[PDB]
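Chemist: below: the sequence, then the experimentally determined structure.
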Number of protein chains: 2
Amino acid sequence: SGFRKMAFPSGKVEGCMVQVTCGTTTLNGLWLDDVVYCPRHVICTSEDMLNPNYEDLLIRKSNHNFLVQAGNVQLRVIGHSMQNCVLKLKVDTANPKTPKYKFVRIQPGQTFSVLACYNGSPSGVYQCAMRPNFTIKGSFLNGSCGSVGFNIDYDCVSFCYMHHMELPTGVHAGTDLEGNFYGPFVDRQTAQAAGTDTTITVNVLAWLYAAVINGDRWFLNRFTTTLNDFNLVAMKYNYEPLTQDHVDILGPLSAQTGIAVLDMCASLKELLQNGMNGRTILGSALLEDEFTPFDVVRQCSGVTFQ
Amino acid sequence: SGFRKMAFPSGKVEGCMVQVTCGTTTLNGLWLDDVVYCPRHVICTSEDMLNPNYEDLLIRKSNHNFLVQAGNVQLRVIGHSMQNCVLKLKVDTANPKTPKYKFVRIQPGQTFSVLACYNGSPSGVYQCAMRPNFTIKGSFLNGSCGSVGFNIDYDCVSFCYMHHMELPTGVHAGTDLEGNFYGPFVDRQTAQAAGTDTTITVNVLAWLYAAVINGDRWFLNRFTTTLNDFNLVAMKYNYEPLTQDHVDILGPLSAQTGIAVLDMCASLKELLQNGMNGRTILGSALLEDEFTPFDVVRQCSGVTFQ
Ligand SMILES: *[C@@](O)(c1nc(C(=O)OC)cs1)[C@H](C[C@@H]1CCNC1=O)NC(=O)[C@H](CC(C)C)NC(=O)[C@@H](NC(=O)OCc1ccccc1)C(C)C
Ligand SMILES: *[C@@](O)(c1nc(C(=O)OC)cs1)[C@H](C[C@@H]1CCNC1=O)NC(=O)[C@H](CC(C)C)NC(=O)[C@@H](NC(=O)OCc1ccccc1)C(C)C
């Protein structure tokens, strides 16, 4: 028992990280097979960033303008192209440590591990959710661009995120691995801001089940409710609406605990109206929304990768 | 910017994990050079656990009674011994992926990453502190014994923890890699309980500095205090005493922020007396104590490993 925010083991991804330099701009790249993927703004100076014309900046670049290092060894670039906001560099050597992999575009509410990197070297790993306003609450400094987020399924790494920028309030924005931004952000140093964020209700419900499983059940009350009634109160607290899909997804945790989803919704409702009155749940003094139902099941049944 | 609980990249340790079976008991082992280290209770049945005589259980075992698998391949055991509460199995092949490594015994307050494992396979990674009462707040199920905790310094892995047991309230106890328990616990299924835990004051102060660095400074007040005065109030809230060593350790964060340690102590004092009145600090609704000063510096300056 016990319940922790837990990242995937990072080894398979550590093997893919390289440093990419163009002129005096350095950041991280991801090396899979004979392609290196990185944020396109590697081709910019810090003046260029105010308002870059990426097609004009790029067209004046050739293969040899791109320095790719893996450890202390240089990779030879034999081709380049731009897809949306990522640059792809064809190199002459396949990554010998390429894992089985996929590229996916995740939905809001879905979680993933970030391997934060500097100069092609890993610094640490942590878990994030794609927020409803299409940002993530990360930890990123200058040089972290190109760090990636992923999930693992047994031996298969699904890359879902590449890091590009920080927005007001210290939240983060990036792309999928086809270089399409999550959210309506652009890779330019012009004033931009995320919209009001909401709470990922299905995830809060998953975490409450996690609590009951781990024996922390003081908040279970004697009421039930309906989906509509719940949703009315949800809306007022800037919680995302709960759908039939969400109910279905929570089916396994419902079954494991003997608590019907709608009964747990009534307990959450009461927490929203009354607060926690100084108590904690699974050590937290607020309602956590960055564990998916899948995250909870995985951690509560000890699923394993290789 | 942004501040996350962040584990070390796990790849170097993933390469060391094996499965160890004796009879029908399975758990994890750590393979370094030509030795595999694991909890000694691998040699017990679940009846034996109520009150095991480890010397008598062991002496009746030979090398061939120990099954060590790394992937789908069996390691040949050519020697065994017991050191405190760990078993060491000499095998005939050095781990080809052994990192540079050390064994260390950490102090209360120090943090480390856990690679939680089942059947010699990693399931995830998370950050823990050695609590003042010599437990950790982990996430561990049956089969997780032998999972290890570590720190990385550039390329050097310091193993500090091996997981053995869970105690009342869902907290965890284990050994250093010489098999000596943190705390006065024993590897027996007899009623045992940790003492009252306290808050790691120096770590809370580190985290407040992390907050100021990340621009969250609403809690800074206009008072100062003394170490004694602070300690008087600390004691009442079950905070560990602050020492001159602690002040010295916080020197770099003090310098980076321009806030004297004793001024920050006065802000903490006021948080302890008044609470946070519904506000959050770095997204938390309580005072976090599982970031060391070193943890904060590392994350705030992007230090990297390889
Ligand atoms: C990334 O690591 C790198 N960028 C460069 C670069 O641009 O080289 C010339 C090299 S590495 C960083 C990661 C950032 C730094 C701080 N935290 C992070 O996550 N990315 C950027 O520096 C990035 C470049 C974008 C424009 C593609 N710029 C930003 O993140 C900036 N955000 C921004 O310009 O938009 C928001 C905004 C709000 C308010 C006013 C103006 C802009 C921030 C401000 C650094
Ligand atoms: C470890 O993964 C394994 N143990 C065995 C084993 O004993 O084989 C026969 C194989 S793998 C587990 C990890 C535990 C399970 C639940 N969470 C964990 O962290 N360790 C144990 O099962 C362990 C064995 C000890 C005695 C060496 N036993 C315990 O953790 C038990 N704790 C205990 O007996 O002491 C506290 C106590 C409190 C109150 C009453 C009685 C005892 C718990 C109860 C499972």
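Modeler: Yep, that arrived. Residues are numbered from 1 along each chain as shown, chains lettered A, B, ... in the order given. Ligands and ions are numbered 1, 2, ... in the order given.

Chemist: part of a helix, is residue A:209?
Modeler: Yes: Residue A:209 sits within a helix when classified using DSSP: H, G, I helix; E, B strand; the rest coil.

Chemist: ok, now which ones touch it?
Modeler: A:250, A:253-254, A:256-257, A:259, A:264, A:296 (Cβ atoms under 8 Å, 6 or more residues apart in numbering or on different chains). All C-beta spots, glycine's among them, are computed from the backbone N, C-alpha and C.

Chemist: next: residue A:285.
Modeler: Residues in contact with residue A:285 (Cβ under 8 Å, 6+ apart) are A:276, A:278-279, B:284-286.

Chemist: let's go with 6 Å and repeat that
Modeler: B:285-286 (Cβ atoms under 6 Å, 6 or more residues apart in numbering or on different chains).

Chemist: and the strands in the stretch 51-200 of chain A?
Modeler: Assigned by DSSP state E, counting those that start in this stretch, the stretch 51-200 of chain A shows strands spanning A:66-70, A:73-75, A:77-83, A:86-91, A:100-103, A:111-118, A:121-129, A:148-153, A:156-167, A:171-175.

Chemist: how far does the last one sit from its chain's centre?
Modeler: Read that as strand A:171-175. 9 Å (Cα atoms, centre = their mean, to the nearest Å).

Chemist: now do that strand and strand A:77-83, the angle between them.
Modeler: For strand A:171-175 and strand A:77-83, the angle between their directions (axes from the mean of the first three to the mean of the last three Cα atoms, to 10 degrees) works out to 110 degrees.

Chemist: on that earlier part again, among the contacts of residue A:209, which pair sits farthest apart?
Modeler: A:259 and A:296 (13.5 Å; Cβ to Cβ).

Chemist: looking at these two, which one has more neighbours?
Modeler: Shown here are residue A:259 and residue A:296; by other Cβ atoms under 10 Å in any protein chain shown, residue A:296 has more neighbours (24 against 18).

Chemist: OK, contacts around the more buried one?
Modeler: A:206, A:210.

Chemist: separation between it and residue B:7?
Modeler: To residue B:7, residue A:296 is 19 Å away according to Cβ to Cβ, to the nearest Å.

Chemist: ok, residue A:73 to ligand 1 distance?
Modeler: Look at residue A:73 and ligand 1: by Cβ to the nearest ligand atom, to the nearest Å, they are 22 Å apart.

Chemist: sorry, that was for residue A:262
Modeler: Relative to ligand 1, and taking Cβ to the nearest ligand atom, residue A:262 is found at 41 Å.

Chemist: for residue A:110, same thing?
Modeler: In terms of Cβ to the nearest ligand atom, residue A:110 sits 20 Å off from ligand 1.

Chemist: now do residue A:132
Modeler: From residue A:132 across to ligand 1, the span is 19 Å (Cβ to the nearest ligand atom).

Chemist: these two touch, right, that residue and residue A:199?
Modeler: No: using Cβ atoms under 6 Å as the test, residue A:132 is too far from residue A:199 to be in contact (8.3 Å).

Chemist: who has more neighbours out of those two?
Modeler: residue A:132 (21 against 18).

Chemist: could I get the phi/psi values of the more buried one?
Modeler: The phi/psi pair for residue A:132 (degrees, to the nearest 10) reads phi -60, psi -30.

Chemist: just list the residues touching it, thanks.
Modeler: Residue A:132 neighbours (Cβ under 6 Å, 6+ apart): A:108, A:198, A:240.

Chemist: which residue packs closest to residue A:306, ignoring adjacent ones?
Modeler: Beyond its immediate neighbours in the sequence, the residue positioned closest to residue A:306 (Cβ to Cβ, 6 or more residues apart in numbering or on different chains) is residue B:121, lying 4.9 Å away.

Chemist: partner residues bridging that neighbour?
Modeler: residue B:118 (DSSP bridges).

Chemist: what about it, neighbour count?
Modeler: Per other Cβ under 10 Å, the neighbour tally for residue B:121 reads 19.

Chemist: same check, this time on residue A:269
Modeler: For residue A:269, the neighbour count with other Cβ under 10 Å is 20.

Chemist: do residue A:252 as well
Modeler: The number of residues near residue A:252, taken as other Cβ under 10 Å, comes to 16.

Chemist: follow-up on the earlier one: now, which of the contacts of residue A:209 sits nearest residue A:112?
Modeler: With Cβ to Cβ as the yardstick, the closest approach to residue A:112 among these comes from residue A:296, at 15.3 Å.

Chemist: double-check that the closest one belongs to a helix.
Modeler: Yes: residue state for residue A:296 (three-state DSSP) corresponds to a helix.

Chemist: so how far is residue B:13 from the residue of chain A at minimum distance from chain B?
Modeler: Residue nearest to chain B within chain A: residue A:11 (3.1 Å; Cβ to the nearest Cβ). Counting by Cβ to Cβ, the gap between residue A:11 and residue B:13 amounts to 8 Å.

Chemist: ok, these two, which is more surrounded?
Modeler: Taking other Cβ under 10 Å, residue A:11 and residue B:13 do not tie; residue B:13 has more neighbours (28 against 23).

Chemist: so what's the more buried one up against?
Modeler: B:115, B:150.

Chemist: and for residue A:117?
Modeler: A:17, A:28, A:147.

Chemist: most neighbours among those residues, which one?
Modeler: Top of the contacts of residue A:117 by neighbour count (other Cβ under 10 Å): residue A:28, with 29 neighbours.

Chemist: who in the stretch 151-300 of chain A is up against ligand 1?
Modeler: Within the stretch 151-300 of chain A, the positions near ligand 1 by Cβ under 6 Å from any ligand atom are A:164-168, A:172, A:187-192.

Chemist: would you list the buried entries among these?
Modeler: Buried by 16 or more other Cβ atoms under 10 Å in any protein chain shown: A:164-167, A:172, A:187-189, out of those.

Chemist: of the contacts of residue A:117, list those near ligand 2.
Modeler: Counting by Cβ under 6 Å from any ligand atom, no member of those reaches ligand 2.

Chemist: adding distance to chain B, write the residues you listed out as TSV.
Modeler: Below are these laid out as TSV (distance: Cβ to the nearest Cβ, whole Å):
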residue	distance to chain B
A:17	9
A:28	11
A:147	11
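
Chemist: can you redo those as JSON lines with distance to residue B:2?
Modeler: Output for the contacts of residue A:117, formatted as JSON lines (distance: Cβ to Cβ, whole Å):
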{"residue": "A:17", "distance to residue B:2": "20"}
{"residue": "A:28", "distance to residue B:2": "17"}
{"residue": "A:147", "distance to residue B:2": "12"}
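
Chemist: distance to ligand 1 for those - can I get that in JSON lines?
Modeler: JSON lines is the format used below for the contacts of residue A:117 (distance: Cβ to the nearest ligand atom, whole Å):
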{"residue": "A:17", "distance to ligand 1": "14"}
{"residue": "A:28", "distance to ligand 1": "8"}
{"residue": "A:147", "distance to ligand 1": "8"}
